[PDB]
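Encoded as structure tokens, the structure appears first; notes follow it.
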Amino acid sequence: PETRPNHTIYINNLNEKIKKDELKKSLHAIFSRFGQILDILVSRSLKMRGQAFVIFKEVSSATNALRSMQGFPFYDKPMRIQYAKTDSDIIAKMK
RNA sequence: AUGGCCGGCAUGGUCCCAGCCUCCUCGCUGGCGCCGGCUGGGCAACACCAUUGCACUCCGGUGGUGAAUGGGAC
Ligand SMILES: [Sr+2]
Ligand SMILES: [Sr+2]
């Protein structure tokens with residue numbers, strides 16, 4: 001099943017050995033160029049490890065980010081990027 | 001002494017220097033002889049195992065101390 005365009009991109013296949021704080025910092029280092037980021041959500045729990053949500057202010061940023069960085073080698077692993085299924089809370093609280 | 005508790009045995013002492021050791025006051029006002037048994041805390045770090053997982057509620061499991069020695073002064 002495919003996903004529809006979204007403010008938020010969902011990244012998985014991330015290196016699970018990286019600490020939350022550093023992972024957010026690094027993700028920002030490479031994704032900020034695509035547009036203003038509202039937040040980056042990372043959790044190292046059993047269910048949510050290896051994954052991240054990057055919440056852009058504009059959908060065009062998310063879209064550009066998804067196209068350009070698909071398969072990007074990151075901590076020695078190719079990034080897999082999709083649109084999030086649903087809107088992040090940060091986004092609902094505006095639009 | 002050890003995260004806490006006990007037993008067998010060995011071993012002259014107090015300082016100074018260097019090297020090493022550790023999940024549980026990484027520190028020079030901790031520790032670094034032999035062997036056996038009992039037991040608590042915690043995944044914070046570290047390691048291993050499992051996990052490819054769509055969140056906006058912090059939240060998988062297991063492991064270790066079964067550790068580390070030389071030199072000088074009195
Ligand atoms: Sr110790
Ligand atoms: Sr853990």
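Here is the naming used below: chain letters follow the sequence lines, and residue numbers restart at 1 for every chain.
Stacking check, B/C21 with B/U22: both criteria met, centre separation under 5.5 Å and interplanar angle under 30°. Base stacking between strand neighbours B/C32 and B/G33 is not detected by the criterion of six-membered ring centres within less than 5.5 Å and interplanar angle below 30°. In this strand, B/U14 sits stacked on its neighbour B/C15; the base ring centres are under 5.5 angstrom apart and the planes under 30 degrees. For the neighbouring bases B/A50 and B/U51, a stacking contact is recorded, both ring-centre distance under 5.5 Å and ring-plane angle under 30° holding. Judged by ring centres under 5.5 angstrom apart and ring planes under 30 degrees, B/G42 stacks on its strand neighbour B/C43.
Regarding A/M79, its CE atom lies at a distance of 15 Å from the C1' atom of B/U52, rounded to whole Å. Rounded to an integer number of Å, the gap from A/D87 CG to B/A55 P is 14 Å. Rounded to whole Å, atom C1' of B/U52 lies 13 Å from atom CG of A/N15. Across the protein-nucleic acid pair, A/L14 atom CG and B/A55 atom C1' stand 13 Å apart, rounded to whole Å. Summarising the geometry, the separation between CD1 on A/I18 and P on B/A45 is reported as 14 Å, rounded to the nearest angstrom. As rounded to whole Å, 12 Å separates atom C1' of B/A55 from atom CG of A/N6. Remark: P of B/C56 and CZ of A/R44 are 19 Å apart, rounded to the nearest angstrom. The CZ-P distance, from A/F53 to B/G53, rounds to 12 Å in whole Å.
Only the P atoms considered, B/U2 is 13 Å distant from B/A67, to the nearest whole Å. Atom name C1', nucleotides B/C17 and B/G60: the rounded distance is 49 Å, in whole Å. Separation of the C1' atoms belonging to B/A68 and B/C34 is 16 Å when rounded to the nearest angstrom. For the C1' atom pair drawn from B/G30 and B/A1, the interatomic distance equals 12 Å after rounding to whole Å. Nucleotides B/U14 and B/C46 place their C1' atoms 38 Å apart, quoted to the nearest Å. Taking the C1' atoms as reference points, B/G66 lies 13 Å from B/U22, given to the whole Å. Rounded to whole Å, the P atom of B/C26 lies 35 Å from the corresponding atom of B/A10. Comparing the P positions of B/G37 and B/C24 gives a spacing of 23 Å, expressed to the nearest Å.
Under the Watson-Crick and G-U wobble criteria, each requiring two contacts below 3.5 Å, nucleotide B/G41 is paired to B/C23. In a base pair of the Watson-Crick type (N1 to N3 plus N6-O4 or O6-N4) or a G-U wobble (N1-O2 and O6-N3), with each distance short of 3.5 Å, B/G72 is matched with B/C15. Across every strand in view, B/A10 sits unpaired, with no contact that passes the Watson-Crick or G-U test at under 3.5 angstrom. The pairing partner recorded for B/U62 is B/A47, the criterion being a Watson-Crick or G-U wobble arrangement whose two distances lie under 3.5 angstrom.
At the phosphate of B/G53, neither OP1 nor OP2 sits under 4.0 Å from any side-chain N or O atom of A/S43.
Candidate nucleotides B/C54, B/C59, B/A50 were compared by shortest atom distance to the side chain of A/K85, and B/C54 ranks first. In the set B/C56, B/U51, B/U52, the nucleotide with an atom closest to the side chain of A/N13 is B/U52. With B/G60, B/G53, B/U52 as the candidates, the nucleotide lying closest to the side chain of A/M48 is B/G53. In this structure, of B/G60, B/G53, B/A55, it is B/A55 that holds the atom nearest to the side chain of A/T86. Nearest nucleotide to the side chain of A/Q82, out of B/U52, B/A55, B/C54: B/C54. Picking from B/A55, B/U52, B/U51 the nucleotide with the shortest atom distance to the side chain of A/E16 gives B/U51. Ranking B/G53, B/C56, B/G60 by closeness to the A/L46 side chain, first place goes to B/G60. Distances from the side chain of A/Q51 to the nucleotides B/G60, B/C54, B/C56 place B/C54 closest.
The side-chain heavy atoms of A/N6 and A/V59, taken from C-beta on, include no pair separated by under 4.5 Å. Side-chain contact between A/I81 and A/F31: present, with at least one pair of heavy atoms (C-beta onward) separated by less than 4.5 Å.
Look at A/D21 and A/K25 and you find a salt bridge, because one of the NZ, NE, NH1 or NH2 atoms lies within 4.0 Å of a carboxylate O, short of that distance.
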(request) Starting from the C-alpha separation in whole Å, work towards a yes-or-no answer on side-chain contact (heavy atoms from CB on, under 4.5 Å) for A/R44 and A/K19. (result) CA-CA 8 Å; A/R44 297 196 71 185; A/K19 290 182 190 67; 3.8 Å; yes
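No hydrogens or angles were tested; on distance alone, nothing pairs the side chain of A/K47 with the base of B/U52 as donor and acceptor under 3.5 Å. For A/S88 against B/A55, a side-chain-to-base donor-acceptor contact under 3.5 Å is present. One can find a donor-acceptor pair under 3.5 Å joining the base of B/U52 and the side-chain atoms of A/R80. On a pure distance criterion of 3.5 Å, a polar donor-acceptor pair joins the side chain of A/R49 and the base of B/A50.
Under a 3.5 Å cut-off, the side chain of A/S61 and the backbone N or O of A/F34 do form a donor-acceptor pair. Under the 3.5 Å distance criterion, the side-chain polar atoms of A/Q51 are matched with a main-chain donor or acceptor of A/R49. Side-chain atoms of A/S88 never come within 3.5 Å of backbone atoms of A/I91 as a donor-acceptor pair (strictly under, hydrogens ignored).
Because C1'-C2'-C3'-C4' is negative for B/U22, its sugar is assigned to the south class. A north sugar is assigned to B/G42: the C1'-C2'-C3'-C4' torsion is positive, on the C3'-endo side. On the basis of its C1'-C2'-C3'-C4' angle being positive, B/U62 carries a north sugar. The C1'-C2'-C3'-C4' dihedral of B/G66 is negative. Its furanose therefore counts as south. A negative value of the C1'-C2'-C3'-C4' torsion places the sugar of B/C26 in the south (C2'-endo) family.
No canonical Watson-Crick or G-U wobble pair links B/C26 to B/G30 with each of its two hydrogen-bond distances shorter than 3.5 Å.
Under the stacking criterion of a centre-to-centre distance below 5.5 angstrom and an interplanar angle below 30°, A/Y10 is not stacked against the six-membered ring of B/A55.
Between A/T63 and A/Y83, the side chains place a donor N or O and an acceptor N or O closer than 3.5 Å (distance only, hydrogens not considered). In the model, A/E16 has no side-chain atom that pairs as donor or acceptor with a side-chain atom of A/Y75 under 3.5 Å.
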